[PDB]
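Structure file my_file.pdb with PDB, C-alpha atoms:
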ATOM      1  CA  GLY J   1     106.914  88.395 183.871  1.00  0.00           C
ATOM      2  CA  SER J   2     108.420  85.975 181.364  1.00  0.00           C
ATOM      3  CA  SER J   3     110.997  83.250 182.005  1.00  0.00           C
ATOM      4  CA  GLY J   4     111.849  79.654 181.162  1.00  0.00           C
ATOM      5  CA  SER J   5     111.354  76.474 183.176  1.00  0.00           C
ATOM      6  CA  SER J   6     112.859  73.558 181.251  1.00  0.00           C
ATOM      7  CA  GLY J   7     116.603  73.029 181.537  1.00  0.00           C
ATOM      8  CA  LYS J   8     119.266  71.283 179.470  1.00  0.00           C
ATOM      9  CA  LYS J   9     119.320  74.269 177.116  1.00  0.00           C
ATOM     10  CA  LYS J  10     116.111  73.207 175.372  1.00  0.00           C
ATOM     11  CA  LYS J  11     117.309  75.197 172.360  1.00  0.00           C
ATOM     12  CA  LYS J  12     120.044  73.496 170.337  1.00  0.00           C
ATOM     13  CA  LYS J  13     122.743  76.117 169.774  1.00  0.00           C
ATOM     14  CA  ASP J  14     121.799  77.955 166.580  1.00  0.00           C
ATOM     15  CA  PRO J  15     123.572  80.691 164.575  1.00  0.00           C
ATOM     16  CA  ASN J  16     122.211  84.157 163.799  1.00  0.00           C
ATOM     17  CA  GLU J  17     121.279  85.896 160.547  1.00  0.00           C
ATOM     18  CA  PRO J  18     117.972  85.139 158.773  1.00  0.00           C
ATOM     19  CA  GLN J  19     117.653  81.997 156.655  1.00  0.00           C
ATOM     20  CA  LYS J  20     115.932  81.949 153.263  1.00  0.00           C
ATOM     21  CA  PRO J  21     112.398  80.486 153.408  1.00  0.00           C
ATOM     22  CA  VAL J  22     111.649  77.018 152.037  1.00  0.00           C
ATOM     23  CA  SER J  23     109.868  76.460 148.723  1.00  0.00           C
ATOM     24  CA  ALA J  24     106.119  75.908 148.394  1.00  0.00           C
ATOM     25  CA  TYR J  25     106.119  72.113 148.655  1.00  0.00           C
ATOM     26  CA  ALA J  26     108.708  72.573 151.403  1.00  0.00           C
ATOM     27  CA  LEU J  27     106.536  75.003 153.364  1.00  0.00           C
ATOM     28  CA  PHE J  28     104.043  72.158 153.759  1.00  0.00           C
ATOM     29  CA  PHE J  29     106.831  69.750 154.708  1.00  0.00           C
ATOM     30  CA  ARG J  30     108.007  71.654 157.783  1.00  0.00           C
ATOM     31  CA  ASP J  31     104.359  71.833 158.842  1.00  0.00           C
ATOM     32  CA  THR J  32     103.478  68.173 158.297  1.00  0.00           C
ATOM     33  CA  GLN J  33     106.757  66.527 159.300  1.00  0.00           C
ATOM     34  CA  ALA J  34     106.335  67.818 162.852  1.00  0.00           C
ATOM     35  CA  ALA J  35     102.886  66.218 162.871  1.00  0.00           C
ATOM     36  CA  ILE J  36     104.386  62.962 161.604  1.00  0.00           C
ATOM     37  CA  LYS J  37     107.450  62.591 163.826  1.00  0.00           C
ATOM     38  CA  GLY J  38     105.543  63.999 166.786  1.00  0.00           C
ATOM     39  CA  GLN J  39     102.892  61.301 166.456  1.00  0.00           C
ATOM     40  CA  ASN J  40     105.427  58.638 165.477  1.00  0.00           C
ATOM     41  CA  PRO J  41     108.849  59.309 167.053  1.00  0.00           C
ATOM     42  CA  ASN J  42     109.821  55.799 165.955  1.00  0.00           C
ATOM     43  CA  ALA J  43     110.037  56.892 162.319  1.00  0.00           C
ATOM     44  CA  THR J  44     113.389  58.069 160.960  1.00  0.00           C
ATOM     45  CA  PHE J  45     113.990  61.181 158.860  1.00  0.00           C
ATOM     46  CA  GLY J  46     113.699  58.972 155.790  1.00  0.00           C
ATOM     47  CA  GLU J  47     110.293  57.724 156.911  1.00  0.00           C
ATOM     48  CA  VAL J  48     108.804  61.027 158.072  1.00  0.00           C
ATOM     49  CA  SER J  49     109.694  62.320 154.607  1.00  0.00           C
ATOM     50  CA  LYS J  50     108.533  59.401 152.462  1.00  0.00           C
ATOM     51  CA  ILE J  51     105.228  60.014 154.240  1.00  0.00           C
ATOM     52  CA  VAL J  52     104.967  63.746 153.557  1.00  0.00           C
ATOM     53  CA  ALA J  53     105.886  63.393 149.884  1.00  0.00           C
ATOM     54  CA  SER J  54     102.736  61.285 149.560  1.00  0.00           C
ATOM     55  CA  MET J  55     100.676  63.947 151.332  1.00  0.00           C
ATOM     56  CA  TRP J  56     101.697  66.893 149.155  1.00  0.00           C
ATOM     57  CA  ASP J  57     101.300  64.754 146.036  1.00  0.00           C
ATOM     58  CA  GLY J  58      97.652  64.619 147.062  1.00  0.00           C
ATOM     59  CA  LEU J  59      96.993  68.200 148.138  1.00  0.00           C
ATOM     60  CA  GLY J  60      94.122  70.289 146.809  1.00  0.00           C
ATOM     61  CA  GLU J  61      94.810  72.834 144.077  1.00  0.00           C
ATOM     62  CA  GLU J  62      93.750  75.542 146.530  1.00  0.00           C
ATOM     63  CA  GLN J  63      96.142  74.166 149.148  1.00  0.00           C
ATOM     64  CA  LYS J  64      99.062  73.920 146.722  1.00  0.00           C
ATOM     65  CA  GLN J  65      98.596  77.353 145.151  1.00  0.00           C
ATOM     66  CA  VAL J  66      98.376  79.016 148.565  1.00  0.00           C
ATOM     67  CA  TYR J  67     101.693  77.471 149.598  1.00  0.00           C
ATOM     68  CA  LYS J  68     103.225  78.932 146.437  1.00  0.00           C
ATOM     69  CA  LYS J  69     101.828  82.421 147.026  1.00  0.00           C
ATOM     70  CA  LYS J  70     103.400  82.344 150.489  1.00  0.00           C
ATOM     71  CA  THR J  71     106.831  81.495 149.084  1.00  0.00           C
ATOM     72  CA  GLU J  72     107.161  84.578 146.882  1.00  0.00           C
ATOM     73  CA  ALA J  73     105.978  86.601 149.877  1.00  0.00           C
ATOM     74  CA  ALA J  74     108.383  84.839 152.237  1.00  0.00           C
ATOM     75  CA  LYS J  75     111.537  84.956 150.113  1.00  0.00           C
ATOM     76  CA  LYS J  76     110.875  88.618 149.323  1.00  0.00           C
ATOM     77  CA  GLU J  77     110.582  89.746 152.944  1.00  0.00           C
ATOM     78  CA  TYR J  78     113.555  87.552 153.847  1.00  0.00           C
ATOM     79  CA  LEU J  79     115.616  89.889 151.665  1.00  0.00           C
ATOM     80  CA  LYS J  80     114.242  93.039 153.296  1.00  0.00           C
ATOM     81  CA  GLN J  81     114.657  91.756 156.852  1.00  0.00           C
ATOM     82  CA  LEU J  82     118.133  90.426 156.064  1.00  0.00           C
ATOM     83  CA  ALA J  83     119.273  93.670 154.443  1.00  0.00           C
ATOM     84  CA  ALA J  84     118.752  95.073 157.939  1.00  0.00           C
ATOM     85  CA  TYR J  85     120.426  92.357 160.008  1.00  0.00           C
ATOM     86  CA  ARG J  86     123.642  93.623 158.425  1.00  0.00           C
ATOM     87  CA  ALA J  87     122.972  97.239 159.399  1.00  0.00           C
ATOM     88  CA  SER J  88     124.156  96.079 162.823  1.00  0.00           C
ATOM     89  CA  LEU J  89     127.102  93.980 161.646  1.00  0.00           C
ATOM     90  CA  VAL J  90     128.463  96.830 159.527  1.00  0.00           C
ATOM     91  CA  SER J  91     128.715  98.708 162.824  1.00  0.00           C
ATOM     92  CA  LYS J  92     131.679  97.896 165.067  1.00  0.00           C
ATOM     93  CA  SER J  93     133.461  94.771 163.833  1.00  0.00           C
ATOM     94  CA  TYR J  94     136.665  93.330 162.375  1.00  0.00           C
ATOM     95  CA  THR J  95     140.157  93.990 163.729  1.00  0.00           C
ATOM     96  CA  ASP J  96     141.054  91.442 166.405  1.00  0.00           C
ATOM     97  CA  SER J  97     143.815  89.184 165.080  1.00  0.00           C
ATOM     98  CA  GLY J  98     143.135  85.548 165.913  1.00  0.00           C
ATOM     99  CA  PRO J  99     142.497  82.034 164.555  1.00  0.00           C
ATOM    100  CA  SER J 100     140.137  83.617 162.026  1.00  0.00           C
ATOM    101  CA  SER J 101     143.018  84.080 159.586  1.00  0.00           C
ATOM    102  CA  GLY J 102     146.807  84.208 159.636  1.00  0.00           C
TER
END
Represent the supplied structure as structure tokens.
Amino acid sequence: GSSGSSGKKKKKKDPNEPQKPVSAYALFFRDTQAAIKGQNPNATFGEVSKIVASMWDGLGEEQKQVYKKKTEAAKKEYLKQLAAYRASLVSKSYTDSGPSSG
């Protein structure tokens, strides 16, 4: 048994296909930002960021290196997983004639 409860979508319409992973410093941004905005919803994108930049600039060598090791591992897989997402697209598609082109 698994279903939703909240309404109003709750999941902003998002496209398909896998998206390349963020860089090292970025990997720590998507993890901190949430902690920033979540605690201070009064701060704007510009603020939430200006705050993180200061955090990463003061991260331990062990914390920075780890984030980098995850990138190479993330980007790599992203290519393998993506190379598959197409395996489905290459099957049954095209031919329809519409606003796409013409």
Quiz item: How far is it from CA of residue 23 (chain J) to CA of residue 43 (chain J), in Å with one decimal?
Solution: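 Computing the Euclidean distance for CA of residue 23 (chain J) and CA of residue 43 (chain J) yields 23.8 Å.
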Could you list, as a ChimeraX atom specification, every residue within 12 Å of residue 74 (chain J), counting only C-alpha atoms and ignoring same-chain residues fewer than 2 positions away?
/J:18-24,27,67-72,76-82
With distances taken over all atoms listed in the file, the candidate from J:17, J:45, J:9, J:4 nearest residue 86 (chain J) is J:17
Between CA of residue 31 (chain J) and CA of residue 60 (chain J), what is the spacing in Å?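 Those two atoms sit 15.9 Å apart.
Residue nearest residue 49 (chain J), chosen from J:95, J:101, J:63, J:33 and counting all atoms listed in the file: J:33.
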If you count all atoms listed in the file, the residue of J:85, J:66, J:29, J:3 closest to residue 16 (chain J) turns out to be J:85
Distance of CA of residue 32 (chain J) from CA of residue 5 (chain J), expressed in Å to one decimal place: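 Result for CA of residue 5 (chain J) versus CA of residue 32 (chain J): 27.4 Å, one decimal.
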Residue 28 (chain J) proximity check over J:91, J:44, J:65, J:2, using all atoms listed in the file: winner is J:65
